[PDB]
């Protein structure tokens, strides 16, 4: 089962031509190498991500041209003996000009975060392409030379710093891979061992994913053994770029942040409003660059809050008995969110999820503030509710019994935390929330 492709096949016949980065390239290299990423280990993530993109570009090209498909793989090799770590892909490679002038991303230069020297071999996939070697110690000077024995694609050999030797031990590198790159779109091997088995199902067409995949992934992200009660597969480009799946556990009572199938933060606590912290799943967006995550993250937070509210509302429409169970189990969060919200309009959005018993309905079945209001006739600026220990006492309440042959229907709350929520909300839509007993 041991499968490796990394070996010394490369040789350079002539001497190298020395180049020197410009004022820009000098700033870039310095900032990315020590000022940009907080943890140094993410260089593995960036290079893996680069290798994936190059693999994709070649595959799309061959498939577009109708050509057959070669081995499309990503390989990592650690050498603690030589203090090196190497990553090779068999993707679309690089031309001489690209090796010289170079938006695949900076991500490649993140290597100088842990290396005092980087040695590169690349060969373009286009027929008759030549291979080239690229050398650099990161001092703004790099060398270029035509190389033979270069396989199509790109091979990066990192000569690790004295105190970065940890990334030459397989055990350390394996952990880094499984942490950040477990959903990589192409086969990934480490010292010949296959490492990635999980599929990024959030990138799929939602109507192609089936139940068992959503169950598997839910159990992964939520580290859970039950099943998702609710599943929302949300994809969008207009507001921002968004690839995401949200789950509500079957069980009674966080979301991962990804970008292009690579992990940014396992606990994206700021991605959703605090009251939606019961939601499990993943958010993938190309729009994200630590303790301070908030920036335009908020814009995404607001997008997701609105999409989730509409989701649960739509759920209410199609299924009321299931949603009534959901409201029973998770109402707490909605109430917390309503009392927490600063803007009134946000309060009323979340409040659209609340369900209460009504006087004009059989005891047991619930209604929403909107549903109550629609039937309201010749009624201005009022929503009437009564809080009692139970439906029995609510109906037999003289306060309500007054509304018996009178104008309006009356909502029934049986818990004090529901009444306080209405009091706090004050007005909803065109109407003010008012207690029968004053």
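Residue numbers count along the first chain shown, from 1. Under this definition, the rigid core comprises the largest set of C-alpha atoms superposing within 1.5 Å between the forms.
Chemist: Please pick 421-429 or 19-27, whichever has its Cα atoms farther from the shown form in 9 other deposited structures of this protein after a rigid core fit.
Modeler: Most displaced of the pair in 9 other deposited structures of this protein: 19-27.
Chemist: Taking C-alpha RMS after core alignment, which stretch differs more from the shown form in 9 other deposited structures of this protein: 182-190, or 90-98?
Modeler: Most displaced of the pair in 9 other deposited structures of this protein: 90-98.
Chemist: Counting only other entries where the flanking residues are modelled, do a third or more lack residue 321?
Modeler: No, none of the compared structures omit it.
Chemist: Residue 380: absent from a third or more of the other PDB entries compared?
Modeler: Across the other compared entries, residue 380 is absent from at least a third.
Chemist: Hey, how big is the hole between residue 364 and residue 365 in terms of deposited residues without coordinates: none, 1 to 3, 4 to 9, or 10 or more?
Modeler: Count of unmodelled residues in between: none.
Chemist: Can you tell me how many deposited residues have no coordinates between residue 294 and residue 295? The categories are none, 1 to 3, 4 to 9, and 10 or more.
Modeler: In the record, the chain runs straight from residue 294 to residue 295 with none unmodelled.
Chemist: Per the PDB record, is the mean Cα temperature factor higher over 329-337 or over 313-321?
Modeler: Per the deposited B-factors, the answer is 313-321.
Chemist: Taking the recorded C-alpha temperature factors, which stretch has the higher mean, 122-130 or 294-302?
Modeler: Comparing 122-130 with 294-302, the higher mean C-alpha B-factor belongs to 294-302.
Chemist: With respect to the C-alpha temperature factors reported in the PDB entry, which of 284, 73, 226, 163 ranks highest?
Modeler: Highest C-alpha B-factor among the listed options: 163.
Chemist: Name the residue from 210, 280, 233, 159 with the greatest C-alpha temperature factor listed in the entry.
Modeler: Spelled out: the listed residue with the top C-alpha B-factor is 210.
Chemist: Which third of the chain does residue 155 land in by C-alpha B-factor: lowest, middle or highest?
Modeler: It belongs to the lowest third of the chain when residues are ordered by C-alpha B-factor.
Chemist: Just say lowest, middle or highest third for the CA B-factor of residue 343 relative to the other modelled residues in its chain.
Modeler: According to the entry, residue 343 has a C-alpha B-factor in the chain's highest third.
Chemist: Relative to the other modelled residues in the chain, which third contains the C-alpha temperature factor of residue 46: lowest, middle or highest?
Modeler: For residue 46, whose C-alpha B-factor we compare with every modelled residue in the chain, the answer is the lowest third.
Chemist: Which third of the chain holds residue 67 when residues are ordered by C-alpha B factor: lowest, middle or highest?
Modeler: It belongs to the middle third of the chain when residues are ordered by C-alpha B-factor.
Chemist: Give the position of residue 249 by CA B-factor within its chain, expressed as the lowest, middle or highest third.
Modeler: Its C-alpha B-factor, which the entry lists for residue 249, ranks in the lowest third among residues of this chain.
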